[PDB]
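Data block below; observations after.
Quick look at the structure:
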């Protein structure tokens, strides 16, 4: 966790939707490290909001018995999705196999 005053996560928080605020915390939990989540906060808002909204979409695609688990596993997927950038982040690398399970 970060120490001090409100950080980028808090300053971007205001401009984001209540949805996106929730997924910020979710993403942070995923990444674990503040330094990694900071990297996400330093992206274009036009990319950040879409990234968060996409995460929301996949997470919304998982509501059932093992949803809790897949929501947790998705954290690991997103980490390795934003690892090379937020530019190519979408249904081409980050997806929930919850409603698309094969």
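Residue numbers (PDB author numbering): 1 to 102. Each residue gets a CB set at the ideal place from its N, CA and C atoms; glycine is no exception.
So residue 78 is in the alpha helix (DSSP H); what residue range does that whole segment cover? 67–79
Residue 4 - DSSP class collapsed to helix/strand/coil: coil
Pairwise C-alpha distance: residue 33 and residue 59: 21 Å
Length of the line joining the Cα atoms of residue 90 and residue 16: 19 Å
Could you tell me if residue 11 is buried or exposed, where buried requires 16 or more neighbouring beta carbons within 10 angstroms of its beta carbon? Looking at its Cβ environment, which holds fewer than 16 other Cβ atoms inside 10 Å, residue 11 is exposed.
Nonlocal neighbours in the same chain, by C-beta distance under 6 Å from residue 2, ignoring five residues either side: 34
Would you grab the beta carbon distance between residue 24 and residue 9 for me? Rounded to a whole angstrom, and I think it's under 8 Å. Contact flag correct, Cβ pair sits at about 6 Å.
Between which residues of its own chain and residue 99 is the CB-CB distance below 6 Å, once the five residues before and five after are set aside? 61
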